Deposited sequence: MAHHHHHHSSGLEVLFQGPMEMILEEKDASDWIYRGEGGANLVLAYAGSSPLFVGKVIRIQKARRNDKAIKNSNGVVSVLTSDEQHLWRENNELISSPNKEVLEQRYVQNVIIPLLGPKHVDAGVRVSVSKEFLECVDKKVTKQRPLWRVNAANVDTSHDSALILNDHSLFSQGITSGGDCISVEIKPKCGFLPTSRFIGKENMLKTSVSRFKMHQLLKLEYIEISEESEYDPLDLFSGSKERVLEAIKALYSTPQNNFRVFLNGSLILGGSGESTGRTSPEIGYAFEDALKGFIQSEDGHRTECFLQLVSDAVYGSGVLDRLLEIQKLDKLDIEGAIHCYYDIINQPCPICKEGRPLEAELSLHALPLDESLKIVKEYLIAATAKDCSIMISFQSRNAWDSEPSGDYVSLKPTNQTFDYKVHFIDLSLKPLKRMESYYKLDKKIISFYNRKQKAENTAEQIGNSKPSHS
């Protein structure tokens, strides 16, 4: 019998920085994969908050007063001390009751020192997209991070692990009575298709995408495989494929261009030893695999129901927003929405923000080939007949983030700019 220290929370220090390597980033977070030898972290990633270069006391504020009231239904949620606890609690107490816990497993919090976040910042700057380093770096005045399972790995070997990420976007067309007569194309063209035109105007993509979200969310196995083939053709930032955690198709921390014959030949070859098919045929087999696992899993049906919590479109919901923040409505100048009880205006706005989490999130699908000698069977698999192979798979949601109340104004101005530009571009017959 020996004396042990009393329980204490783990803090990561300069030593532990080198055990992580750049994986990717979006607008809010940097993500790193564990390249070390500890069993705690094998097959994990860490999610670190970026800084884009407070209440009535000078003390910084986690949620604004309006946000505390909007989300007051859960007392723990609005009591969150930092953004890491807020995100755990949002996923645990808001999202998982709506999606289920099978395809969601929130993270585990961990503390970090300032030198750790200075190491990670210097470490990754070389592998980040340049316009990302222009706009944001690691927030080194923070003291927490989130640990999560690495969903590009099937097993927390003797055979490659191949996985895909799909950012599916909004899969339905609005039916709101609050969409004005001039804007009726919003009822027949998807937001994603109209948005493409504006992205081209701003040099953010090089070609219009072939992908249509109404296909992927249709419930038709023919339409679904068609969407997967369009994603492969024009991935932009909606499709990525990893081999043992390393990217082999799509953009790194950013969107990318069309799959050229040269790209396709390289990808066709990277699939050797996962798909057992003669040369020039593995790609066709792999896209059927992804399609079958997306449709067979069923995960998109419940996701679409959360998106449809946006019931009035932003053209309706924006009026409830201006009641919430006790402001004269700039849009009007309507005694319908503005005559609602406070509690109903609040519910509409809150469900709008929840819908946005589901319109903005991603799905990661990892695969295990039973060809490998150390594979283990499960109840979730796809049988590839043209290849006489069986692949087990897992599906998980990522980026289930709480949206800030004040972005409501941004949502409205982008929408107005999308539909106006599309309207103009089509007038030119």
Sequence ranges absent from the coordinates, based on the deposited chain and numbered from 1 | 1-12, 66-70, 174-176, 354-360, 457-470
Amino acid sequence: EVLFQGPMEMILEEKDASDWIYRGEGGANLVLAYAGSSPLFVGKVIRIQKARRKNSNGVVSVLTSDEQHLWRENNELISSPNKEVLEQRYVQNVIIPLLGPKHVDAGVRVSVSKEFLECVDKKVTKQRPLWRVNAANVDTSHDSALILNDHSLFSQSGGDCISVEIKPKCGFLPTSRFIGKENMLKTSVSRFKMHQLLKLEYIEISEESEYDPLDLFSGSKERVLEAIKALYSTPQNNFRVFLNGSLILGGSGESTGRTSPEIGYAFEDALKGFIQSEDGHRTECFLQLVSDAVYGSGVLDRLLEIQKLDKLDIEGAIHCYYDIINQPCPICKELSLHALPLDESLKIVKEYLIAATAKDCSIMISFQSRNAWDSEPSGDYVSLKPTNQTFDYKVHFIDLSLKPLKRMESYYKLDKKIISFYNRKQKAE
From here on, numbers count along this sequence of modelled residues.
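Under this definition, the rigid core comprises the largest set of C-alpha atoms superposing within 1.5 Å between the forms.
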Stretch with larger C-alpha RMS deviation in 4 other deposited structures of this protein, core superposed, 138-146 versus 231-239 | 138-146
After superposing on the rigid core, the stretch whose C-alphas lie farther from this form in 4 other deposited structures of this protein, comparing 203-211 with 335-343, is 335-343
Unmodelled in at least a third of other entries of this protein, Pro386 | no
Checking the other PDB entries that cover both flanking residues: does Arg370 lack coordinates in at least a third?
-> yes
Going by the average Cα B-factor in the PDB entry, point out whether 291-299 or 278-286 comes out higher.
-> 278-286
Of 170-178 and 120-128, the one with larger mean CA B-factor = 120-128
Between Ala135, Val94, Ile147, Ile314, which carries the biggest CA temperature factor in the record?
-> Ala135
In terms of the CA temperature factor given in the entry, to which third of its chain does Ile162 belong: lowest, middle or highest?
-> middle
Quick one: classify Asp415 as lowest, middle or highest third of the chain based on its Cα B-factor.
-> lowest
Classify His396 as lowest, middle or highest third according to the C-alpha B-factor given in the PDB entry, relative to its own chain.
-> middle
Using the B-factors in the PDB entry, rank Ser218's C-alpha atom against the chain and give the third, lowest, middle or highest.
-> middle
Among all modelled residues of this chain, ranked by Cα B factor, put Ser113 in the bottom, middle or top third, i.e. lowest, middle or highest.
-> highest
